[PDB]
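# Provided hereafter are the protein sequence and its experimental coordinates.
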Amino acid sequence: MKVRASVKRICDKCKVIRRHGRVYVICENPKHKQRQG
Amino acid sequence: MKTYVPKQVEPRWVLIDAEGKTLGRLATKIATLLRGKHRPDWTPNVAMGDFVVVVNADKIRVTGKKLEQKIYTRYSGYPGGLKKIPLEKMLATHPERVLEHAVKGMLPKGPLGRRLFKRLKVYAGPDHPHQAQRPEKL
Amino acid sequence: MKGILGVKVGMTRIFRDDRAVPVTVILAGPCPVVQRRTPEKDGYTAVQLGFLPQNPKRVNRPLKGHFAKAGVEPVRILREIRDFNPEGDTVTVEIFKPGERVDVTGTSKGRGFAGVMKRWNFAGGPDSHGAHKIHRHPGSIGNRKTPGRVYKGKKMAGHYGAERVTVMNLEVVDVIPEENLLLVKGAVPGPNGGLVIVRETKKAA
Amino acid sequence: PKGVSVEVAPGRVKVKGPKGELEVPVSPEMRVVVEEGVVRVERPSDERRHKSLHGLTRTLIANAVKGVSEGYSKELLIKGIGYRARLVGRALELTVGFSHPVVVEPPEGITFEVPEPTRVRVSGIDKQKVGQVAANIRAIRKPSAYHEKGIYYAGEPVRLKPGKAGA
RNA sequence: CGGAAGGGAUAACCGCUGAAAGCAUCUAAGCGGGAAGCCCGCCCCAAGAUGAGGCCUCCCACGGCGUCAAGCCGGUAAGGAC
RNA sequence: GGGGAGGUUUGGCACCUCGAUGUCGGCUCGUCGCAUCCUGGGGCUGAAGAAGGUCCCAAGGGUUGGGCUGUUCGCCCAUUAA
RNA sequence: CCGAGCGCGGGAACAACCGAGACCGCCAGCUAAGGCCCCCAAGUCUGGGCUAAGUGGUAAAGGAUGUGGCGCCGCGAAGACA
């Protein structure tokens, strides 16, 4: 993952948080660290 | 008959606030006055529209994200000579500029169209050169 | 940030320390301080500085023998040190002690209209194989159809002489009040015996 | 809000406490009043931005009060090995994985205080600028570095394979 | 010898107090860090910056037509030039 | 297996130009673009560290010398943070 | 439709998109298209809905706890969401 147009909530422990304008998908493991870009 | 043409009238001066005001909207009014469109005997090729001393332009209001968004640009004939400045920095350093830029573009382009720009003095104060009359407006 | 005026002389390499040092010398000498300049009636903080005395009939009129302290003008007239508020009297040389580094401004000598190689610097080329026609020549300038113009300031042949420069970070290891001299790391722009101001350097302040 | 000292100003509710005062200015929107003895706050309407402001702000000042009512509970647990935290005079001279001693200085409005070298204590009299300095030191020497070693609030370290996982 | 050192605002991103949505959040209110990059700090030009600015001084009336209105003409003062 | 973008390659069209629009590369001179080779920074890592793999921001300045081929291409040699 | 209407007004500028067939004059009036804060002529008219990106001010499959409104099905004062 990490930066891609298709951001998922994958392992349910991840959230969509529209921070600083654009979408990220935060969790515990920074391996799930998507982003709407 | 034959339409009447004004004699050499005496230019009337005027004073305007600024602060709390909207940039465009403000100038919007300024211009129509730099010319005789407010006066009943407006004439195209003459220049008889009131002089306009504007005070504390350092505190003009601007909507949206202009403050951070709006970007003015200047181009020196030089390669990569494009220089663009944000409305944010225009206030800090010599802000009386913003109001002027805003108006200049809102006046004719011809010779007198700059001649009327001269009729406008703007100060980041208030305070002006208390030359004469200068009836404050709203 | 202080300063002193000066005229150029000397250049050698004096075996100071044990190593060799290219020694540019300058006569700061009796260089007057005649008038300051304060914020409201000026807009900064500067001082006017004269030089070498020979001035009688050929000068006259306002002098600034007026000013408020006469002293007559030099002959090499006066210049201006910003951010410098002295003590009063005409300042000599010892303003700078040996062991400090400094900035220095002065006119460069004149090489006039030169050939682009010896100007900015291009290349030329075809001394043989090609043609003899374009030896010391710029070759090309702009692009074909668009822009279709000649770039603003795209380096071109012309003048490269009667100018002026300020050099930074030179090092003075001597100064003789006894005849008013200043012995620095040799790098001195301009010819031997002309206009040159010294000011304090800049590094981290 | 018992022995407090709130103060309604236009959009800047100033409040004194047993330690010092704090000004906490917020948007005039909604209504900022000291009534009966305890402080209240109420949205102008059911408008998204407004609702948000109402909650956010009401709690902001709610802490602002309890901030001068001493809200300091913030201290860093430095774990690892050769990591000593000293406090000479005013400055704190801790010595982490860095090749040099770490030198911090208690600024205006808050105080640190280092009991023993294994754990720094910080009496913070400003809940906002407080966690900022907690994070200052935590991010001065970040912990957990694969296996361990660093500066922990107390946040249970997540591991990752040590002398392995690098082919 | 020059790059600099330092200042200011920031990206990506890293953070603090904190809601709406009793928990959570690096944010929608607010504050911090954070780039050879942006503005400056440096060198040079440069007031035809038609807006021709500022400073230090220096010289000065009626001499003949314009009485009242701006010119115009001949030598001079600081001087400038050949 | 779907959707887009870019206008460098390779083409489909035949509107400026058949009373003229001199087609390859190299010398010289560049300038801009960023989907960045290098140099900053950061997030991820099947990342101990070392070094690497990948993505995101970032053109400031830099992008070397020769063998061969007319050859841009490319292969090679000696190197380079590149 | 132009060409033959490079005559006219819109279309920022444009033979043929929209309006509309110029005998000639006029310092007269309705109006088309298009328009009315200012260029440039006329409402910063009236009234009420939406949006926070400068979207407006030129892009899709596709992606989302963006904001407004609407519909469905449990849970809940027997006491729920958290």
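In hand now; what should we look at? Numbering: from 1, shown residues only, chains lettered A, B, ... in the order given.
# what's around residue 33, how many residues?
Going with chain A. Neighbour count of residue A:33, defined by other CB atoms under 10 Å in any protein chain shown: 14. All C-beta spots, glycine's among them, are computed from the backbone N, C-alpha and C.
# hmm, I had chain C in mind actually
Counted with other CB under 10 Å, the neighbours of residue C:33 add up to 22.
# now do the contacts for it.
Residues counted as contacts of residue C:33 (CB atoms under 8 Å, 6 or more residues apart in numbering or on different chains) are C:47-49, C:86, C:88-91.
# give me the element it is part of.
Using DSSP states H and E, residue C:33 maps to neither a helix nor a strand.
# now the phi/psi pair for it, please.
Phi and psi for residue C:33, reported as degrees, to the nearest 10, are phi -130, psi 110.
# and the gap between it and chain B?
34 Å (CB to the nearest CB, to the nearest Å).
# distance of that residue relative to residue A:11?
Distance from residue C:33 to residue A:11, counting by CB to CB, to the nearest Å: 78 Å.
# circling back: compare the contacts of residue C:33 and tell me which has the most neighbours.
That'd be residue C:49 among the contacts of residue C:33, by other CB under 10 Å, with 25 neighbours.
# contacts only, for it.
C:3-5, C:31-34, C:78-81, C:91.
# let's have the residues you listed in TSV, adding secondary structure and distance to residue D:79.
Listed next are the contacts of residue C:49 as TSV, based on DSSP: H, G, I helix; E, B strand; the rest coil; distance: CB to CB, whole Å:
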residue	secondary structure	distance to residue D:79
C:3	strand	58
C:4	strand	61
C:5	coil	65
C:31	strand	67
C:32	coil	70
C:33	coil	65
C:34	coil	70
C:78	coil	70
C:79	strand	65
C:80	strand	63
C:81	strand	59
C:91	strand	63
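# can you redo those as CSV with distance to RNA strand F?
Output for the contacts of residue C:49, formatted as CSV (distance: CB to the nearest atom of the strand, whole Å):
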residue, distance to RNA strand F
C:3, 31
C:4, 35
C:5, 35
C:31, 38
C:32, 42
C:33, 40
C:34, 42
C:78, 38
C:79, 32
C:80, 32
C:81, 32
C:91, 39
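# out of those residues, who's nearest RNA strand G?
residue C:80 (47.4 Å; CB to the nearest atom of the strand).
# surely that closest one touches residue C:44?
No - under the criterion of CB atoms under 8 Å, residue C:80 makes no contact with residue C:44, lying 9.3 Å away.
# out of those two, which sits in the busier spot?
Remark: of residue C:80 and residue C:44, residue C:80 carries more neighbours, 14 against 10, as counted by other CB under 10 Å.
# now do the contacts for the nearest residue to residue D:75 once chain neighbours are set aside.
Nearest residue to residue D:75 in three dimensions, chain neighbours excluded: residue D:121, at 4.2 Å (CB to CB, 6 or more residues apart in numbering or on different chains). By CB under 8 Å, 6+ apart, the contact set of residue D:121 is D:75, D:112-115.
# list only buried entries from those residues.
D:75, D:112, D:114 (16 or more other CB atoms under 10 Å in any protein chain shown).
# what does chain B put close to RNA strand E?
Residues of chain B lying near RNA strand E by CB under 7 Å from any atom of the strand: B:83, B:118.
# I meant to write chain C there.
C:35, C:37, C:41-43, C:60-64, C:66-67, C:101, C:103, C:105, C:163-171, C:185, C:187, C:202-205.
# surely residue B:121 forms part of a helix?
No - read with DSSP: H, G, I helix; E, B strand; the rest coil, residue B:121 is strand and lies in no helix.
# what sits against the closest residue to it other than its chain neighbours?
Counting by CB to CB, 6+ apart, residue B:121 lies nearest to residue B:53, which is 4.9 Å off, once chain neighbours are set aside. Residues in contact with residue B:53 (CB under 8 Å, 6+ apart) are B:13-16, B:120-123, B:128-129, B:131, B:134.
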